[PDB]
Structures are given as structure tokens and as C-alpha cells.
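Worksheet: the structure to be examined is printed underneath.
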Amino acid sequence: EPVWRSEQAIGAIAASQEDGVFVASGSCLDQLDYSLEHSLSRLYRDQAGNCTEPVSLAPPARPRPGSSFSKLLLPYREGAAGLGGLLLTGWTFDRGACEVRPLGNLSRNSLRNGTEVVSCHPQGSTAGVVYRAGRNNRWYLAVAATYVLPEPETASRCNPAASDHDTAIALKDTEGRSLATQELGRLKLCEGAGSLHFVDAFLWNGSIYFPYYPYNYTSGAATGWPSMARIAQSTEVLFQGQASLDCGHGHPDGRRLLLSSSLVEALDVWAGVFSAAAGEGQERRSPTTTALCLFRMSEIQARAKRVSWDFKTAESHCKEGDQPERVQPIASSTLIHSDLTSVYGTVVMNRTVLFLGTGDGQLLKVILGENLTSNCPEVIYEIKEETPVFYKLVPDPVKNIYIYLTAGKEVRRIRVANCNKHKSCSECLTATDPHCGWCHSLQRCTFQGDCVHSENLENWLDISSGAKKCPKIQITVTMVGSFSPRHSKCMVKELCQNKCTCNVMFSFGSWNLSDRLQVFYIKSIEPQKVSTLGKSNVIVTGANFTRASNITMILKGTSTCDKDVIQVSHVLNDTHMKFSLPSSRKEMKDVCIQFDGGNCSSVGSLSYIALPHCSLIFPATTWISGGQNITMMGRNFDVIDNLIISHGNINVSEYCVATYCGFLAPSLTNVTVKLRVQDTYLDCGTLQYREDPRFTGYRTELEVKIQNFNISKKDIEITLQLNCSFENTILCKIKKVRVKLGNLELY
Ligand SMILES: *[C@@H]1O[C@H](CO)[C@@H](O)[C@H](O)[C@H]1NC(C)=O
Ligand SMILES: *[C@@H]1O[C@H](CO)[C@@H](O)[C@H](O)[C@H]1NC(C)=O
Ligand SMILES: *[C@@H]1O[C@H](CO)[C@@H](O)[C@H](O)[C@H]1NC(C)=O
Ligand SMILES: *[C@@H]1O[C@H](CO)[C@@H](O)[C@H](O)[C@H]1NC(C)=O
Ligand SMILES: *[C@@H]1O[C@H](CO)[C@@H](O)[C@H](O)[C@H]1NC(C)=O
Ligand SMILES: *[C@@H]1O[C@H](CO)[C@@H](O)[C@H](O)[C@H]1NC(C)=O
Ligand SMILES: *[C@@H]1O[C@H](CO)[C@@H](O)[C@H](O)[C@H]1NC(C)=O
Ligand SMILES: *[C@@H]1O[C@H](CO)[C@@H](O)[C@H](O)[C@H]1NC(C)=O
């Protein structure tokens, strides 16, 4: 689990074919080894050495588009004959400058500079892709960006000249001086829809696609349909069409933000993570706001009509004609989810694998079925801090069993398949994980490369064989399935034979095997933040809760995973009933309640929550007398059942909200406190108890002298304006006097 922590939040990341992993964090761009251990080299773009962000960037609402300083960062020409690869990096600084440079030692001279290539607005979108075009097949760079943002301050003037005001897509040339854009190599804009935010750019079937969506950077709300603009893969912009993408299924007003994109290459299927406006961070965060939608590139390629809806065309006016066709996703695959942030699709052993990154630090992968039907996603890796996953996942190019998860300011290299939990064949083959296969020589569920050391390929049994094709005992007893060796020995108890041979045992040269109608009203439901371990007692308040025999609660979190259907635990007062929810995965499940018979009554959202990890303990030491409200800062404290103080246990109260919570130190000594939730106990540092401090008094004004404890004003009560400092004793001054400290009251 090798991690690389930057200092400022990651702005971009790419992975070269053989030159390491480039990560653009703040003002500086680092290159690392594929193990993310040592920054082989580093470039400073703004000022030497000091690579702090010149200005402050507000990390906005997870649905809202982020902001960074490194707009473009993409390697190309790599794997050439003799020409070392190139890296094209474009920054916000210097009017959106962009430099080509040698892919490798970063501190080498930039070959060609260039200005106004990428958007110079830190929150403006930019997405680029290089390709081959021209009579001599030069390397061009198609860049779609938000050049003009209506936020120019008279100090510095980013927004390009009045001629290039409405420019969205430009076909730069990586050879010409300063990356020159032709006259016709640019795609104009319609000035009505607010701005456009481009998410991606990729090549498919001789064309470039730019998935975007209209957007109001001032307001923060999408102002139209997420769309895809399709351009001919040439030297001059040949606008070939534009098509809206309709992924608002399962949500009232629809999903109009495009959070991330990825083209599943060998499948010709685009895969996009859409979301609806989730208020301010998480206030309208519903169980169905985000949705992974899969589109057939053929349908987008066919349905995109050249209409002047968002981009100026030479044959119409802005929104004075047709409206763009709405392309419908592959219906059997759309995966709804409360918080999705990024997607990356690939194909392994002729099976689509879509890794997804959720807004709470989960990387979970789905494996599409036969007719591209999605399975319920397995959670691969979880970030302990639940930081929203950066919207791009990059697969390790040199070892195809890794992927580089970026989150906040930390990058890490995580395997793509958590197949160590499978202990048998069936566990390894019914899960239908394409990366994982059973291994006889090791008798373990593992990757391919980790067990193809014996040259007989059938040693590592994969899924394409089928789950039934592992060895088993057959009755006249024999071995069935696919074994590695053709020589074994059978022994039953007590006939034995050898080899393909004949309690039961089949032993091989490397392994072995052995076997011997009224109304119904719902006031509310509490709590609404159940920890992942479930909750034994969920109280639903309402009315007439006794006029029914079979009352059920149905929770649905993920449009692919099944539903949690439960019966009422013990029907209390006709106004109150009580349920018991089981363990699940971190999610925000919808809760309907269906009585004896009828439609579900959607009581409201109900969010499972990660276990409470304990960050810090504010005082961290108090007098053996105690009584000081120790404050604990952490995450997900609202779901805490209660607290334990183990040394003998001591029950103590709690006064808490989501992130932090306090409690009077009751020990009356190094004690360990533990959050208990649903019969489980997690640790929280250690509180130490020492003797009460000694005092000396003097004197409007009052001066006191005391010989570890971090005493502060609200801790002390002096009745007749405290200010203290250590001078060694330690003197504290305030302008029949009484002083209360914890539980000790004296003078
Ligand atoms: C780095 O540069 C930024 C420019 O805004 C400045 O605010 C910061 O103090 C500098 N830090 C150091 C260590 O030079
Ligand atoms: C990169 O080039 C500089 C320039 O001399 C050199 O000092 C440095 O050692 C080089 N680093 C690598 C990793 O090639
Ligand atoms: C920008 O372009 C000029 C023109 O060649 C060059 O001198 C300068 O080094 C370039 N800047 C960077 C950061 O490469
Ligand atoms: C939406 O965009 C328009 C044009 O950019 C702008 O005038 C308007 O102020 C934006 N919305 C809000 C609420 O400001
Ligand atoms: C590729 O583009 C051509 C150009 O018209 C089109 O006819 C063809 O259908 C496209 N390929 C696919 C798989 O749709
Ligand atoms: C019903 O009993 C529960 C406890 O079992 C209590 O909290 C609630 O207030 C009671 N409601 C009525 C209407 O009696
Ligand atoms: C010292 O006391 C202050 C007073 O609030 C507290 O915030 C802090 O956590 C204590 N411990 C330190 C500074 O190590
Ligand atoms: C301790 O502090 C918390 C918040 O910091 C507060 O809610 C709690 O009531 C305090 N306890 C005492 C005994 O002052």
C-alpha cells in the first residue's frame, strides 16, 4: 500500500508508458516511480522551490466542478522508435501557458512554449487530446476549455482578445511556434447558455468527442443537458455533431451534471458519471442523485446532429432550430447511487470491468454481465478519510493489476481485485472476477501473473473455463475439473490407487484434496445516520401503527444491489414502532415502509455511515479527579451508540454532533476510551490522569501560581477575565474569592 502525499490538492495526474507517473499538485509538477516512492524529478512552474498555490482555491461542493492550476497534462509520442516520448503540460499561469517538454527528466528545457493554450481561470474546464493529423501526420492537440469567464478583475486580464472571445475548442499544433491555432481550427460558442464545462476528450472511430455540460460558474448550477460534441479528427475543426445524453432516469428533475467520463476502449462504450445538483455539499444528497450511465458510442455517433444549439455553425443561429437528440443509455447497465465521483472502464478476458470512485473514498468495481448488465459492485478499497475521489482514475501501464487512486492530496497504487478472500474454487470462480483465477500449485485464488510460474497454463484456472470446472470428487471415484498434473494418488477409507488415479483423498505432486383500508401516517424515523454495523433499534413515529399485521420496511441503496426488506421488531404504541437494520455497505439508502399491503410509503433517506475513527483528544491529559470535558475530534461521531472508559469500566455521558464531541473525564492513570456501537468497540487514543496541581494565591487583580494539564479559561470559574502563562512556576491573573476547577472548588 504505497502512498504519495502531495502538499496541495492534486490538480492532475498522468501515467507515462515507461517514464513513471506525473502528478501536478500545486504550482509544482512532480514525476514519480510507478511505485509512488521517490519524486525522480520535479518542475516548478510559478516560482522556483516554493510551489504553494499562488492564490487560494475553494474546494467546492462535490458536484460542482473543482479548480486547479494544472489544466493540461498529457504524455504522447511515447513508445516511438527512437524518439523519446513527449509530455505536454499546460498551466493556468502565464495567460494559460502550455509547454511541450521531453517525457522524462523534468528539469530539462521545454522544447516549445505557447500562451493562451489552456483556460487561465483556475475553475475553468479544460480537456485535451493529441492525435495524428495533417499531410505529414504531425501531432496535433485538440483542447476544449473555458477560456472566457465573466470574472475578470481590472488587475489582471486573462480573458483573451475580443476576437477569440467565444472560443471553446481549438486544434493546436504541437510543432508550430507557440502551438499555433489555424483560423478555422477553432470552434466558436453560443453566448446564451452561460459557459460550457468540458469534462473529457477522447478519440473514437476517426473523431474527437468532448463530453461537456452547460454551467453557470457564478451560480453553480447546470443550465442544460449534459452533451457530447463530436468533431472530425482533422486539422481544421469540422463540427460533426452534438448530442445530449439523457441520464436523468430514477430522479425527479434529472441528472444534469457530468462528473466524470471514460471510454471503454475495446468495447466501444462510453461510460459517464452523472449527478444532480446536491444543494450545498450534502443537503439535497438523495439516494438517487448520481448515476453511472453507459452509452453505445455507435448511438452517439449516429444520433449527433449538427445543430447550432451550443456551438456556432455556419448554417443556423443560436438555438434557432432543432434541439439536439437525447441519446438513451444502455438501460440494462445504469447504476444509480447516492454519491459517485469517478469512473474508469476497461476490458479483461472479454468482460467489461468498470471501476468507480465514490464521494466517500471508496473504489468499488462492477463487472458487466452478458448483455452489459451491471452486477452489484464489490468494494475494492476504502480511503480511511472518506475524501472524495479525484475524478480521474489512471491504470498502471506497466503492471495491469494496479490503478492509481487519487484523492484530495494523496495518490496511491491499489490492486484492481481483492481476491484473497476467496479460499476455494467456487469462491474464486462464481464471483466472476476476470482478474482472479484459482491456482492449484498454490491452491489459492490469485491474479494470473502471481501464479503462472508453472509452465502448464491450466495451473491457473480462470473464469472463462467456468466455475464448475474445478477438481471435485466423482462417484468408482475419480477427479473432475481441471487439475494441473496428470499424476496423482487416490486413497479412500481404505483402497488406494495411483496414476488419473482409479474419508476420500486425491493427492497430487504439488497439492491435494480431501472430503469424507385505514389510513397510515408516518411522522418520522430516527436516527437517520445508522453506522455500517446496522442498528438494533430504529424508531418510526406516526399514527395508527397497530392497525396492521404484516408491516415491512424496504431499503434500497444501489439500483443494482438488492433490497433490505425487514419486519417490525416489536410494535409499540400505535404511534411508535421499532425496527432492526442489519450490516451493509456505506451508502445512503432510501427507506419505504409498506404496511399489510399497498404501495411503499417513502419515509425518507437513511444513510449508513463509516465506522467512527478517532482522530484526536483535545486535552489528552486531566487530573485524576477528572471532570474536565475532554473533547474528541474525529469523523462520523453522530452514529456513536455510547462510550466506554476502560482501565474497570466507567459509563460517562456524551454531548456530540457529527465531527466532534465532549464528555467529562470521570475517572476520579492512563485510561483507554472506546466507542461502542452495536456490540462493537473501537479505540480512541489514551487519556492520562495525574494528581491535582499545587497552588499559591495572591492579589483589582489576582495572581495565582501553579507548578501538563492544558487548563484554559472555560475550565476555571473565579467569582469575586483570566490570562495565564508558564514562567518557571506558572502564573495566571484575573482582573471571599471562589475558584472551581473540574470538580475541585476552593480558594
Ligand atoms: C510561495 O508563494 C506564494 C505566492 O502566493 C506565497 O504566498 C507564499 O508565502 C510563498 N511561500 C514560500 C515558502 O515562499
Ligand atoms: C536531470 O537533469 C539535471 C540537469 O543536470 C541533473 O542534474 C539531474 O541529475 C537529472 N536527473 C535525472 C533523474 O535524470
Ligand atoms: C516561453 O517561451 C519562450 C520563447 O522561446 C522561452 O524563452 C521560455 O523559456 C518559455 N517559458 C517556459 C516556462 O518554457
Ligand atoms: C447565470 O449566468 C448568467 C450569464 O453568465 C449570469 O448573468 C447570471 O448571473 C448567472 N446566474 C446567477 C444566479 O448569477
Ligand atoms: C465509424 O464511422 C463511420 C463513418 O460514417 C460510420 O459509418 C461507422 O458506423 C462508424 N463505426 C461504428 C462502429 O459505428
Ligand atoms: C409509546 O411508548 C413509547 C415507548 O415504548 C413511548 O416513547 C411513546 O411516547 C409512547 N407513545 C404513546 C402515544 O403512548
Ligand atoms: C492544550 O490546551 C489547548 C486549550 O484548548 C487545547 O486546545 C490543546 O489541544 C491542548 N494540547 C496541546 C496544545 O497539545
Ligand atoms: C465540554 O465541551 C463541549 C463542547 O466543546 C460542550 O458541549 C460540553 O457541554 C462541555 N462540558 C462541560 C462540562 O462544560
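Our numbering is plain: 1 for the first residue shown, then up by one each step along the chain.
Per the header: electron microscopy, 3.1 Å.
The backbone N, Cα and C atoms fix where each Cβ goes, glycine too.
Listed in Swiss-Prot:
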- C28-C51: disulfide bond (DISULFID)
- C120-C158: disulfide bond (DISULFID)
- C190-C318: disulfide bond (DISULFID)
- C247-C293: disulfide bond (DISULFID)
- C419-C436: disulfide bond (DISULFID)
- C425-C470: disulfide bond (DISULFID)
- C428-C445: disulfide bond (DISULFID)
- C439-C451: disulfide bond (DISULFID)
- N50: N-linked glycosylation site (CARBOHYD)
- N105: N-linked glycosylation site (CARBOHYD)
- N205: N-linked glycosylation site (CARBOHYD)
- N216: N-linked glycosylation site (CARBOHYD)
- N350: N-linked glycosylation site (CARBOHYD)
- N512: N-linked glycosylation site (CARBOHYD)
- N550: N-linked glycosylation site (CARBOHYD)
- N629: N-linked glycosylation site (CARBOHYD)
- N651: N-linked glycosylation site (CARBOHYD)
- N670: N-linked glycosylation site (CARBOHYD)
- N710: N-linked glycosylation site (CARBOHYD)
- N723: N-linked glycosylation site (CARBOHYD)
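Sequence features annotated in Swiss-Prot and their locations in the structure.
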{"residue": "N50", "record": "N-linked glycosylation site", "DSSP (3 states)": "coil"}
{"residue": "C158", "record": "disulfide bond", "DSSP (3 states)": "coil"}
{"residue": "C190", "record": "disulfide bond", "DSSP (3 states)": "coil"}
{"residue": "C318", "record": "disulfide bond", "DSSP (3 states)": "coil"}
{"residue": "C419", "record": "disulfide bond", "DSSP (3 states)": "coil"}
{"residue": "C436", "record": "disulfide bond", "DSSP (3 states)": "coil"}
{"residue": "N629", "record": "N-linked glycosylation site", "DSSP (3 states)": "strand"}
{"residue": "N670", "record": "N-linked glycosylation site", "DSSP (3 states)": "strand"}
{"residue": "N710", "record": "N-linked glycosylation site", "DSSP (3 states)": "coil"}
Residue pair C436 (disulfide bond), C428 (disulfide bond) - Cα distance, angstrom, rounded: 7
Subset of recorded positions (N216, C318, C419, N512, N550, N629) lying within 10 A of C428 (disulfide bond), CA to CA, in sequence order: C419
Between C28 (disulfide bond) and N105 (N-linked glycosylation site): CA-CA distance (Å): 14
Rounded Cα separation (Å) that holds between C158 (disulfide bond) and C425 (disulfide bond): 61
Candidate nearest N550 (N-linked glycosylation site) in space, where candidates are the glycosylation sites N50, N205, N216, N629, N710 and distance is Cα-Cα: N629
Rounded distance in angstrom between the Cα atoms of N723 (N-linked glycosylation site) and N205 (N-linked glycosylation site): 73
Candidates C158, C247, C318, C451: member of the disulfide-bonded residues with the richest Cβ shell (10 Å): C247
Lowest local Cβ density (other Cβ within 10 Å) among disulfide-bonded residues: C51, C120: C51
Distance-selected recorded positions near ligand 2 (C-beta under 6 Å), from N105, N216, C293, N670: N105
Cα-nearest neighbour of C445 (disulfide bond) within the listed glycosylation sites, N50, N512, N651: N512
Contacting recorded positions, sequence order - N50, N216, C445 vs ligand 1, Cβ under 6 Å: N50
Structural state of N723 (N-linked glycosylation site), classified by DSSP into three states: strand
Nearest-integer angstrom distance between the alpha carbons (Cα) of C28 (disulfide bond) and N350 (N-linked glycosylation site): 40
Inter-residue Cα distance where the pair is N205 (N-linked glycosylation site) and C293 (disulfide bond), in Å: 21
Number of Cβ atoms other than its own within 10 Å, given for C425 (disulfide bond): 22
